[PDB]
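Q: Take a look at this one; I'll ask things after.
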Amino acid sequence: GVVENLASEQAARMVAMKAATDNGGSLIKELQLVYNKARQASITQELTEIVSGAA
Amino acid sequence: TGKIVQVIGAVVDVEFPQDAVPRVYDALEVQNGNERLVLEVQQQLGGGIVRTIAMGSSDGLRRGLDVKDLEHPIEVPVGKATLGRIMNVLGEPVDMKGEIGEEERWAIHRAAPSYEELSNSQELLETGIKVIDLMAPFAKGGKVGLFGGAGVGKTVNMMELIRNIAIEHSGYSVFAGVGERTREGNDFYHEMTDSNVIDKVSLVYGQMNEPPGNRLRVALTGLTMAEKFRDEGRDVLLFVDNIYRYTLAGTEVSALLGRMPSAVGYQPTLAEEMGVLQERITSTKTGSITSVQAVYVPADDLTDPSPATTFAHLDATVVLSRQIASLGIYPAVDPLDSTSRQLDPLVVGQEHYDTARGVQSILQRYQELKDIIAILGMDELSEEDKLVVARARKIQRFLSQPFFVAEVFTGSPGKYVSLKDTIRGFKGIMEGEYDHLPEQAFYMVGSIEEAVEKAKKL
Amino acid sequence: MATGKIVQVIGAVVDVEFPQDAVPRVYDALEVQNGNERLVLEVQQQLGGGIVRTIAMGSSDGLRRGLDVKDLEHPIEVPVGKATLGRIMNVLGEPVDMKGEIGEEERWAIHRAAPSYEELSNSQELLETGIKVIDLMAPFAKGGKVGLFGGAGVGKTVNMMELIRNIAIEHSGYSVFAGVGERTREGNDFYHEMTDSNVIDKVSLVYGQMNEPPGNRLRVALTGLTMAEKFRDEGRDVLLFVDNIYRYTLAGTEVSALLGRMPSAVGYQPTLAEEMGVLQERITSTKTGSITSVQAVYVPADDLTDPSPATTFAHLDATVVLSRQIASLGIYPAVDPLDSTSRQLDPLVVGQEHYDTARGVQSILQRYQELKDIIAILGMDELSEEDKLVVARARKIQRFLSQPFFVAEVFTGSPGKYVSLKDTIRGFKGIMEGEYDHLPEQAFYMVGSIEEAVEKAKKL
Amino acid sequence: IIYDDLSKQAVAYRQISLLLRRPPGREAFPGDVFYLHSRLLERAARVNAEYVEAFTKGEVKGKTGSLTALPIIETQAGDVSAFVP
Ligand SMILES: Nc1ncnc2c1ncn2[C@@H]1O[C@H](COP(=O)(O)OP(=O)(O)OP(=O)(O)O)[C@@H](O)[C@H]1O
Ligand SMILES: Nc1ncnc2c1ncn2[C@@H]1O[C@H](COP(=O)(O)OP(=O)(O)O)[C@@H](O)[C@H]1O
Ligand SMILES: [Mg+2]
Ligand SMILES: [Mg+2]
């Protein structure tokens with residue numbers, strides 16, 4: 001029974017690491033869409049300032 | 001006497017003889033084809049040129065038209081003659097009915113009441129709505145703002161507040177439509193006439209089809225009517241359909257007025273233009289104004305200048321979240337961002353204050369756990385952390401409520417919930433009396449008794 | 001006679017119209033009566049016909065269109081040499097300590113060209129500071145330039161006070177202190193500190209406090225350099241301390257828009273790299289004499305990307321980076337070992353003993369920063385027992401780099417410590433090997449030598 | 001009425017607006033960009049029989065006229081939260 005529970009631990013961990021890997025892969029893409037918005041917005045702001053300051 | 005000398009969008013420049021130049025905020029008048037157009041004076045330039053905003057469509061204006069100088073500001077009807085009627089920004093009747101039986105007209109540009117005139121009040125005003133008067137209760141004579149993005153629920157919430165407050169309240173009311181939908185103006189007017197409550201309500205409409213000068217000054221037409229009823233010594237309810245449109249119509253004209261852009265391209269005057277409007281909406285030792293304002297949040301960005309400036313103006317602030325609304329929890333109030341000046345142990349008393357701070361503490365801790373849960377899943381939590389989650393999720397559902405105005409969407413019938421039942425329900429959930437019920441038992445139930453009856457049938 | 005007239009005043013910038021045959025040269029000084037007070041203007045630009053654009057060395061308040069302006073045919077000239085020592089002067093080189101007239105024999109223009117390429121020297125004699133993380137990670141040399149980088153509230157000032165205590169009292173030579181854009185409170189406390197410790201007679205201080213008009217802060221650093229260059233050209237070895245280099249660049253930003261320039265980058269003046277280079281390239285050690293300098297550098301919002309801190313990094317020789325991320329833990333001195341560096345850290349100066357010890361410490365702290373990311377989500381049990389051991393000995397080394405300063409007892413309440421370089425090296429080797437694997441982490445924190453970290457463990 | 005890609009109308013008012021040097025707002029659209037779409041769309045309506053009788057000069061009686069509209073917008077990366085959407 002001890003040995004068969006140990007085999008079940010490794011099986012349950014294998015599956016839990018599948019979810020952790022897919023969850024991490026799902027978060028990275030949402031952080032990247034959020035970053036590209038910030039990347040684009042800051043370029044767009046600072047050119048509005050440079051052109052406005054060339055009064 | 002005057003001549004038009006430029007026309008740039010909504011803005012018209014007029015030249016006058018230098019002995020006769022109109023004052024700031026004077027009304028001018030000009031014949032535009034087969035109709036009469038009013039212009040409002042904004043700036044005196046040099047050489048007798050004066051710069052003005054058109055209260056109407058500026059197309060078909062030539063240069064060289066003769067302009068007539070009216071010796072006074074824009075003045076609107078006020079008093080009981082305005083009750084039960086729909087009016088233009090210029091105070092013209094917009095319903096098909098006859099002329100307005102005015103006895104007096106008031107200029108829409110006024111000074112705010114002096115610091116000596118103001119009055120304090122702590123009379124809590126009840127609402128039907130579990131989250132609002134639990135988390136962000138408000139007083140008679142105070143200001144409330146509903147903040148949200150596009151489509152989150154600002155108007156449905158204000159329509160429950162009209163239903164709950166403005167029909168158990170007995171005095172007069174003013175509804176100002178500012179840059180919102182014309183369909184929703186017509187829909188609201190008919191339900192007032194069908195309910196025969198119309199004869200207590202004044203309606204000013206300058207909806208989003210109207211050119212910028214209408215959208216900008218219709219707010220001031222709305223306040224000037226409410227200030228007449230307040231100075232008469234009444235208690236008045238003022239509803240403003242979207243305050244953000246007042247600022248945006250300022251942005252649209254500001255470049256044509258020749259003002260350098262500020263910040264995210266706003267007018268440089270944004271905080272003064274908002275402040276001079278907002279300070280007039282105050283209860284006074286002579287009489288009271290209770291105010292509810294919807295506040296559109298552009299691109300859901302609560303840090304944009306226009307939302308940010310509005311937050312200091314108001315006594316209770318309710319923030320609506322797209323992320324919650326897409327769950328289908330309604331009203332989509334964010335309880336970690338909604339707040340009120342009235343959530344204070346002295347005015348609410350301790351049981352209410354402790355319940356609200358308990359709910360706020362559990363829901364904050366659930367936000368702290370969600371980044372763990374998102375990667376690892378919930379099984380990795382501690383058995384107390386799992387109990388915080390198991391309670392917080394119930395609390396988020398019990399904040400939901402069926403509205404009487406929402407029956408055309410949800411179908412299920414509306415509920416009115418007492419403050420005694422709301423604090424008792426959340427205090428019972430946090431004490432854990434109900435930890436044997438499922439989450440679905442709490443969703444869209446009026447009171448905690450209704451949750452246990454729903455739980456019997458799951 | 002006075003020969004020009006004020007024709008505009010906008011903020012700090014004043015335009016003056018002279019006759020078309022006697023136009024002031026660029027950087028000439030000009031003089032005007034602002035009521036009772038005499039005011040000086042510095043010429044920035046010649047533009048149009050006869051008109052010159054100038055920065056006020058004082059308040060514009062009370063200036064009128066029409067005032068007569070005198071043309072002084074020289075730039076701003078400041079007193080220099082021994083007469084300066086123990087005195088406090090403003091940007092114009094006027095006494096501000098009430099002690100009376102400076103009593104100079106010579107005055108020098110604050111604008112001068114840098115040393116030519118043939119005059120420079122490479123005499124990298126190692127210099128001991130007594131601070132563990134600096135002497136190991138970022139060793140100074142005599143005649144070099146040192147920068148203390150950091151955002152607000154991270155320890156640049158008390159680090160500079162510690163460096164002033166240790167080297168500048170020992171130095172046996174003159175020192176200049178430039179208070180560029182400094183808080184008036186701290187300039188007072190430094191003056192009394194130098195007086196009460198009785199070393200003020202060695203040191204001359206130039207102060208340009210924040211309240212001063214943008215013109216003063218723009219030029220006060222050049223007044224400090226000009227005094228240090230006089231002592232260098234005598235052939236002395238001098239120490240130059242600069243309160244904050246950033247504030248010179250910021251004063252340039254304030255005037256630059258009014259001087260009609262178009263903006264650049266993060267709204268900085270276009271000339272930012274030229275203005276930085278023209279100041280920094282005078283602070284060098286020639287064949288006649290050496291200037292050793294320590295400069296504090298403000299880093300806006302701790303973003304080391306920002307053009308003003310990013311540009312200055314190229315001009316220094318040792319750079320110490322103070323991080324709020326460390327400072328948040330209270331572990332002062334808050335020097336980041338993985339970002340601080342020096343030109344002197346190579347085996348041909350330091351010797352291999354020191355070089356190997358510093359590269360070792362860098363490799364361990366680098367490894368641990370990756371391991372720390374695993375731990376926070378997965379926990380520490382998921383490591384190899386060797387990665388657990390590195391996480392242990394790294395987390396100790398992180399604490400052992402801390403050291404209490406006897407200029408910080410008022411904050412800490414505890415006695416400050418000095419360490420030799422020899423003892424510093426031996427201590428880090430001992431954590432990198434096994435000798436102290438058994439002490440707790442808290443037994444290192446703000447200790448002093450390794451030889452007393454065992455004692456705090458026994459107390460802990 | 002179907003309007004296809006009101007996103008492309010918006011992008012072409014920005015071109016005309018920027019060529020006329022008008023100060024840009026959020027992203028690069030002018031502040032007028034809300035008035036652009038709202039004046040357009042608010043014209044799609046159902047009108048009561050009294051309006052139809054007045055407009056027709058009484059030739060048509062008792063009929064309510066209507067104009068439904070289906071505007072199309074295109075979102076980058078499914079982002080519903082951008083300015084024009
Ligand atoms: N309590 C509620 N119950 C059911 N549905 C709701 C509720 N609140 C909002 N909704 C839904 O949200 C949608 C839009 O809400 P609402 O019309 O109030 O937003 P709005 O304030 O007009 O937003 P905007 O003014 O930006 O258009 C409606 O379909 C409404 O059904
Ligand atoms: N070595 C240190 N020991 C103790 N406290 C320190 C130390 N360095 C910084 N601090 C704390 O940080 C504060 C600000 O650091 P300071 O150097 O005075 O500011 P700045 O870094 O902006 O010049 C000090 O007043 C003290 O509270
Ligand atoms: Mg709405
Ligand atoms: Mg400092």
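Ordered as shown in the structure tokens, chains take letters A, B, and onward, while each chain numbers its residues from 1 and ligands are numbered from 1 in the order shown.
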Within 10 Å of range 42-52 of chain A, which residues of range 16-41 of chain D come that close, and what is the closest atom pair and distance in Å for each? Count only C-alpha atoms and give it as CSV.

A:
residue,atom,partner,partner_atom,distance
D:23,CA,A:52,CA,8.4
D:24,CA,A:48,CA,7.5
D:25,CA,A:48,CA,8.7
D:26,CA,A:45,CA,8.4
D:27,CA,A:44,CA,6.4
D:28,CA,A:44,CA,7.3

Q: Print the selection's residues with N, CA, C and O atoms to a file, as an mmCIF file, in the first residue's frame.

A:
data_model
loop_
_atom_site.group_PDB
_atom_site.id
_atom_site.type_symbol
_atom_site.label_atom_id
_atom_site.label_comp_id
_atom_site.auth_asym_id
_atom_site.auth_seq_id
_atom_site.Cartn_x
_atom_site.Cartn_y
_atom_site.Cartn_z
ATOM 1 N N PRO D 23 -4.771 69.351 -32.832
ATOM 2 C CA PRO D 23 -4.188 68.624 -31.694
ATOM 3 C C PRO D 23 -4.816 67.264 -31.449
ATOM 4 O O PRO D 23 -6.014 67.156 -31.146
ATOM 5 N N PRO D 24 -4.013 66.203 -31.517
ATOM 6 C CA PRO D 24 -4.504 64.850 -31.259
ATOM 7 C C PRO D 24 -4.747 64.561 -29.786
ATOM 8 O O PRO D 24 -4.079 65.096 -28.904
ATOM 9 N N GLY D 25 -5.712 63.676 -29.528
ATOM 10 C CA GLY D 25 -6.044 63.255 -28.181
ATOM 11 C C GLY D 25 -5.482 61.912 -27.752
ATOM 12 O O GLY D 25 -4.299 61.652 -27.950
ATOM 13 N N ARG D 26 -6.318 61.048 -27.175
ATOM 14 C CA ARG D 26 -5.935 59.674 -26.869
ATOM 15 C C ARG D 26 -5.660 58.902 -28.155
ATOM 16 O O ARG D 26 -6.316 59.105 -29.178
ATOM 17 N N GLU D 27 -4.693 57.997 -28.089
ATOM 18 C CA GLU D 27 -4.057 57.461 -29.285
ATOM 19 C C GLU D 27 -3.628 58.615 -30.181
ATOM 20 O O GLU D 27 -2.849 59.461 -29.744
ATOM 21 N N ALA D 28 -4.113 58.713 -31.404
ATOM 22 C CA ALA D 28 -3.915 59.966 -32.117
ATOM 23 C C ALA D 28 -5.209 60.545 -32.666
ATOM 24 O O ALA D 28 -5.166 61.454 -33.496
#

Q: Ligand 4: which residues are within 12 Å, counting only C-alpha atoms and all ligand atoms, as a ChimeraX atom specification?

A: /C:148-161,179-187,242-247,295-299

Q: Those selected residues, please, written with N, CA, C and O atoms and delivered as a compact mmCIF listing (two decimals), in the first residue's frame.

A:
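File again14.txt, as written:
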# COMPACT_ATOMS: atom_id res chain seq x y z
N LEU C 148 28.07 57.84 -7.02
CA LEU C 148 27.06 57.20 -6.17
C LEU C 148 25.67 57.38 -6.76
O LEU C 148 25.02 58.40 -6.54
N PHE C 149 25.20 56.39 -7.51
CA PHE C 149 23.89 56.48 -8.13
C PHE C 149 22.78 56.04 -7.18
O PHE C 149 22.95 55.09 -6.43
N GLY C 150 21.66 56.75 -7.20
CA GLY C 150 20.44 56.20 -6.62
C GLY C 150 19.30 57.19 -6.66
O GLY C 150 19.50 58.40 -6.72
N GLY C 151 18.09 56.64 -6.58
CA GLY C 151 16.89 57.42 -6.35
C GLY C 151 16.80 58.04 -4.98
O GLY C 151 17.71 57.97 -4.16
N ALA C 152 15.66 58.69 -4.73
CA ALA C 152 15.50 59.42 -3.48
C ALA C 152 15.50 58.48 -2.29
O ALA C 152 14.82 57.45 -2.30
N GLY C 153 16.27 58.84 -1.28
CA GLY C 153 16.18 58.25 0.04
C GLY C 153 16.91 56.94 0.21
O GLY C 153 16.47 56.09 0.99
N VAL C 154 18.01 56.74 -0.51
CA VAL C 154 18.68 55.45 -0.54
C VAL C 154 20.04 55.48 0.12
O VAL C 154 20.57 54.41 0.44
N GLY C 155 20.62 56.65 0.36
CA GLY C 155 21.78 56.73 1.21
C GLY C 155 22.96 57.43 0.57
O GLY C 155 24.08 57.32 1.07
N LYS C 156 22.74 58.17 -0.52
CA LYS C 156 23.85 58.84 -1.19
C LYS C 156 24.54 59.82 -0.27
O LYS C 156 25.77 59.93 -0.27
N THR C 157 23.77 60.55 0.54
CA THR C 157 24.34 61.61 1.36
C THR C 157 25.16 61.06 2.52
O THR C 157 26.30 61.47 2.73
N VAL C 158 24.61 60.08 3.24
CA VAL C 158 25.33 59.47 4.36
C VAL C 158 26.49 58.59 3.90
O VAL C 158 27.49 58.48 4.62
N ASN C 159 26.39 57.96 2.74
CA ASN C 159 27.59 57.40 2.13
C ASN C 159 28.65 58.45 1.84
O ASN C 159 29.84 58.23 2.10
N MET C 160 28.27 59.59 1.28
CA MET C 160 29.26 60.63 1.01
C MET C 160 29.84 61.24 2.28
O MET C 160 31.03 61.57 2.31
N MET C 161 29.04 61.35 3.33
CA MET C 161 29.53 61.76 4.64
C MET C 161 30.49 60.75 5.25
O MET C 161 31.45 61.13 5.93
N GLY C 179 28.02 72.16 -3.12
CA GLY C 179 26.62 71.91 -2.81
C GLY C 179 25.63 72.28 -3.90
O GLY C 179 24.81 73.18 -3.71
N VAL C 180 25.68 71.59 -5.03
CA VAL C 180 24.79 71.87 -6.16
C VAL C 180 23.36 71.46 -5.83
O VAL C 180 23.09 70.29 -5.54
N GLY C 181 22.44 72.42 -5.89
CA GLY C 181 21.03 72.14 -5.69
C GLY C 181 20.66 71.47 -4.39
O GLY C 181 19.66 70.74 -4.34
N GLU C 182 21.44 71.67 -3.35
CA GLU C 182 21.30 70.96 -2.09
C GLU C 182 20.23 71.60 -1.19
O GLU C 182 19.87 72.77 -1.35
N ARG C 183 19.75 70.82 -0.23
CA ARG C 183 18.91 71.33 0.86
C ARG C 183 19.68 72.20 1.83
O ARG C 183 20.74 71.82 2.31
N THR C 184 19.12 73.38 2.14
CA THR C 184 19.83 74.35 2.96
C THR C 184 20.09 73.83 4.37
O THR C 184 21.12 74.15 4.97
N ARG C 185 19.18 73.02 4.90
CA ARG C 185 19.38 72.36 6.18
C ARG C 185 20.64 71.52 6.24
O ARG C 185 21.43 71.62 7.18
N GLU C 186 20.87 70.69 5.23
CA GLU C 186 22.00 69.76 5.22
C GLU C 186 23.32 70.47 4.97
O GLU C 186 24.36 70.04 5.47
N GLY C 187 23.30 71.55 4.21
CA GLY C 187 24.47 72.39 4.05
C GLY C 187 24.90 73.06 5.33
O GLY C 187 26.09 73.20 5.61
N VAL C 242 30.77 66.54 -5.00
CA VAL C 242 29.64 67.22 -5.64
C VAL C 242 28.34 66.71 -5.05
O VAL C 242 28.08 65.50 -5.05
N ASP C 243 27.51 67.63 -4.54
CA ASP C 243 26.29 67.23 -3.85
C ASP C 243 25.32 66.47 -4.74
O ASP C 243 24.76 65.46 -4.31
N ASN C 244 25.07 66.96 -5.95
CA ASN C 244 24.22 66.20 -6.87
C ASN C 244 24.43 66.73 -8.27
O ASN C 244 24.02 67.85 -8.57
N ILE C 245 25.05 65.93 -9.12
CA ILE C 245 25.26 66.29 -10.51
C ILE C 245 23.96 66.46 -11.28
O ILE C 245 23.86 67.34 -12.14
N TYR C 246 22.92 65.69 -10.94
CA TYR C 246 21.67 65.74 -11.69
C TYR C 246 21.06 67.13 -11.72
O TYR C 246 20.49 67.55 -12.74
N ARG C 247 21.16 67.85 -10.63
CA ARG C 247 20.51 69.14 -10.46
C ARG C 247 21.08 70.24 -11.36
O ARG C 247 20.36 71.17 -11.72
N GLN C 295 30.94 61.97 -6.79
CA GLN C 295 29.73 62.65 -7.22
C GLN C 295 28.51 61.82 -6.84
O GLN C 295 28.45 60.64 -7.15
N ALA C 296 27.54 62.44 -6.18
CA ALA C 296 26.22 61.83 -6.08
C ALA C 296 25.42 62.07 -7.35
O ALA C 296 25.45 63.16 -7.92
N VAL C 297 24.67 61.06 -7.77
CA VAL C 297 23.82 61.14 -8.96
C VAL C 297 22.40 60.72 -8.62
O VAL C 297 22.14 59.55 -8.35
N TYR C 298 21.48 61.67 -8.65
CA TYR C 298 20.06 61.35 -8.55
C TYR C 298 19.59 60.55 -9.76
O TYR C 298 19.91 60.90 -10.90
N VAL C 299 18.87 59.47 -9.50
CA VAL C 299 18.25 58.65 -10.54
C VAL C 299 16.73 58.78 -10.48
O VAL C 299 16.10 58.15 -9.62

Q: Select, from B:377, B:213, B:142, B:153, the residue with the minimum atom-to-atom distance to residue 283 in chain B, counting only C-alpha atoms.

A: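 So, comparing all the options, the nearest one is B:142.
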
Q: Please build the interface table for chain C against chain B with a cut-off of 12 Å, listing for each qualifying residue the nearest atom pair and the distance in Å to one decimal; count only C-alpha atoms, order rows by chain and increasing number, and write it as a Markdown table.

A:
| residue | atom | partner | partner_atom | distance |
| --- | --- | --- | --- | --- |
| C:376 | CA | B:372 | CA | 10.5 |
| C:377 | CA | B:372 | CA | 7.9 |
| C:378 | CA | B:376 | CA | 8.9 |
| C:379 | CA | B:380 | CA | 11.3 |

Q: Store the residues picked out above, limited to N, CA and C atoms, as a compact mmCIF listing (two decimals), in the first residue's frame.

A:
# COMPACT_ATOMS: atom_id res chain seq x y z
N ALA C 376 9.90 31.36 -4.40
CA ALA C 376 8.75 32.18 -4.03
C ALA C 376 7.43 31.53 -4.43
N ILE C 377 7.38 30.87 -5.57
CA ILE C 377 6.19 30.13 -5.97
C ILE C 377 6.25 28.66 -5.57
N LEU C 378 7.30 27.93 -5.96
CA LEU C 378 7.32 26.49 -5.70
C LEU C 378 7.69 26.13 -4.26
N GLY C 379 8.43 26.98 -3.56
CA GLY C 379 9.06 26.63 -2.31
C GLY C 379 10.47 26.08 -2.47

Q: Taking only C-alpha atoms and all ligand atoms into account, which residues are within 10 Å of ligand 3, as JSON, numbers by chain?

A: {"B": [148, 149, 150, 151, 152, 153, 154, 155, 156, 157, 158, 179, 180, 181, 184, 241, 242, 294, 295, 296]}

Q: Filtering to N, CA, C and O atoms, could you give me those residues as a short mmCIF file (atom, residue, chain, number, x, y, z; two decimals), in the first residue's frame?

A:
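Result file again.cif:
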data_model
loop_
_atom_site.label_atom_id
_atom_site.label_comp_id
_atom_site.auth_asym_id
_atom_site.auth_seq_id
_atom_site.Cartn_x
_atom_site.Cartn_y
_atom_site.Cartn_z
N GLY B 148 -18.08 54.43 -14.46
CA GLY B 148 -17.90 53.19 -15.19
C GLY B 148 -17.53 53.39 -16.64
O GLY B 148 -17.68 54.48 -17.19
N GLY B 149 -17.05 52.32 -17.25
CA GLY B 149 -16.77 52.29 -18.66
C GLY B 149 -18.03 52.16 -19.50
O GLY B 149 -19.15 52.34 -19.03
N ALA B 150 -17.82 51.89 -20.78
CA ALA B 150 -18.93 51.74 -21.71
C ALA B 150 -19.68 50.44 -21.43
O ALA B 150 -19.09 49.37 -21.44
N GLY B 151 -20.98 50.55 -21.20
CA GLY B 151 -21.85 49.39 -21.11
C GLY B 151 -21.85 48.63 -19.81
O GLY B 151 -22.29 47.48 -19.78
N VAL B 152 -21.37 49.23 -18.73
CA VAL B 152 -21.22 48.54 -17.46
C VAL B 152 -22.42 48.67 -16.54
O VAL B 152 -22.61 47.83 -15.65
N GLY B 153 -23.26 49.69 -16.72
CA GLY B 153 -24.48 49.72 -15.95
C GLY B 153 -24.81 51.04 -15.27
O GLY B 153 -25.63 51.06 -14.35
N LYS B 154 -24.17 52.12 -15.68
CA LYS B 154 -24.36 53.43 -15.05
C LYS B 154 -25.82 53.87 -15.09
O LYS B 154 -26.33 54.41 -14.11
N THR B 155 -26.49 53.66 -16.21
CA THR B 155 -27.86 54.11 -16.43
C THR B 155 -28.90 53.25 -15.73
O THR B 155 -29.83 53.79 -15.12
N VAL B 156 -28.77 51.93 -15.78
CA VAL B 156 -29.66 51.05 -15.02
C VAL B 156 -29.57 51.32 -13.52
O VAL B 156 -30.59 51.34 -12.83
N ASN B 157 -28.38 51.55 -13.01
CA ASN B 157 -28.24 51.91 -11.60
C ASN B 157 -28.93 53.23 -11.26
O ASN B 157 -29.59 53.34 -10.23
N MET B 158 -28.77 54.24 -12.09
CA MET B 158 -29.43 55.51 -11.85
C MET B 158 -30.94 55.41 -11.98
O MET B 158 -31.66 56.14 -11.30
N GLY B 179 -25.52 64.86 -23.31
CA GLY B 179 -24.77 64.08 -24.27
C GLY B 179 -25.01 62.59 -24.27
O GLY B 179 -24.09 61.82 -24.55
N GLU B 180 -26.22 62.15 -23.93
CA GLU B 180 -26.57 60.74 -23.92
C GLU B 180 -27.59 60.43 -25.02
O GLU B 180 -27.87 61.27 -25.88
N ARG B 181 -28.14 59.22 -25.00
CA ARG B 181 -28.98 58.70 -26.07
C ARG B 181 -30.38 59.28 -26.08
O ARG B 181 -31.04 59.37 -25.04
N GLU B 184 -33.22 56.97 -25.03
CA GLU B 184 -33.39 56.81 -23.59
C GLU B 184 -34.04 58.03 -22.94
O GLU B 184 -34.63 57.90 -21.87
N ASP B 241 -27.18 63.02 -16.52
CA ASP B 241 -27.17 61.77 -17.25
C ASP B 241 -25.79 61.34 -17.70
O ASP B 241 -25.55 60.14 -17.80
N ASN B 242 -24.89 62.28 -18.03
CA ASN B 242 -23.47 61.90 -18.08
C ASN B 242 -22.60 63.15 -17.99
O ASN B 242 -22.49 63.89 -18.96
N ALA B 294 -23.83 60.25 -13.25
CA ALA B 294 -23.09 59.23 -13.97
C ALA B 294 -21.81 59.81 -14.55
O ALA B 294 -21.79 60.92 -15.08
N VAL B 295 -20.73 59.03 -14.49
CA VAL B 295 -19.40 59.47 -14.87
C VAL B 295 -18.77 58.45 -15.81
O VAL B 295 -18.20 57.46 -15.35
N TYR B 296 -18.85 58.68 -17.11
CA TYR B 296 -18.21 57.78 -18.06
C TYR B 296 -16.70 57.82 -17.91
O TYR B 296 -16.11 58.88 -17.73
#

Q: Here is a test: counting only C-alpha atoms, which residue of B:378, B:359, B:220, B:253 is nearest to chain A?

A: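 Answer, going by the shortest atom-to-atom distance: B:378.
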
Q: Quick one: residues within 10 Å of range 10-15 of chain D, only C-alpha atoms counted, chain neighbours fewer than 4 positions away excluded, as a VMD selection string?

A: chain D and resid 5 to 6 19 to 22 24 28 to 30 32 to 34 36 to 37 84

Q: Filtering to N, CA and C atoms, could you give me those residues as a CSV table (one decimal), in the first residue's frame?

A:
chain,number,residue,atom,x,y,z
D,5,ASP,N,-16.7,48.6,-41.3
D,5,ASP,CA,-15.5,49.2,-40.8
D,5,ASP,C,-15.6,50.7,-40.5
D,6,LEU,N,-16.4,51.0,-39.5
D,6,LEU,CA,-16.4,52.4,-38.9
D,6,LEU,C,-15.0,52.7,-38.3
D,19,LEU,N,-3.6,66.2,-40.9
D,19,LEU,CA,-3.1,67.0,-42.0
D,19,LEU,C,-3.6,68.5,-41.8
D,20,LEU,N,-4.7,68.7,-41.2
D,20,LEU,CA,-5.1,70.0,-40.8
D,20,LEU,C,-4.5,70.5,-39.5
D,21,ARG,N,-3.5,69.8,-38.9
D,21,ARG,CA,-2.7,70.2,-37.7
D,21,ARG,C,-3.5,70.2,-36.4
D,22,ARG,N,-4.7,69.6,-36.4
D,22,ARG,CA,-5.5,69.6,-35.2
D,22,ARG,C,-4.9,68.8,-34.0
D,24,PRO,N,-4.0,66.2,-31.5
D,24,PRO,CA,-4.5,64.8,-31.3
D,24,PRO,C,-4.7,64.6,-29.8
D,28,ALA,N,-4.1,58.7,-31.4
D,28,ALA,CA,-3.9,60.0,-32.1
D,28,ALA,C,-5.2,60.5,-32.7
D,29,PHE,N,-6.3,60.1,-32.2
D,29,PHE,CA,-7.6,60.6,-32.7
D,29,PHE,C,-7.9,62.0,-32.1
D,30,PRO,N,-8.6,62.9,-32.8
D,30,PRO,CA,-9.0,64.1,-32.3
D,30,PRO,C,-10.1,63.9,-31.2
D,32,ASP,N,-12.9,65.4,-31.4
D,32,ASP,CA,-14.1,65.3,-32.2
D,32,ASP,C,-14.5,63.9,-32.6
D,33,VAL,N,-13.7,62.9,-32.4
D,33,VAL,CA,-13.9,61.5,-32.9
D,33,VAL,C,-15.2,60.9,-32.3
D,34,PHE,N,-15.6,61.3,-31.1
D,34,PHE,CA,-16.9,60.8,-30.6
D,34,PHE,C,-18.0,61.5,-31.3
D,36,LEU,N,-18.0,62.4,-34.2
D,36,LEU,CA,-18.0,61.8,-35.6
D,36,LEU,C,-19.0,60.7,-35.7
D,37,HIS,N,-18.8,59.8,-34.8
D,37,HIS,CA,-19.7,58.6,-34.8
D,37,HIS,C,-21.1,58.8,-34.2
D,84,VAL,N,-11.7,53.6,-29.7
D,84,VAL,CA,-12.7,53.6,-30.7
D,84,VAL,C,-13.8,52.6,-30.4
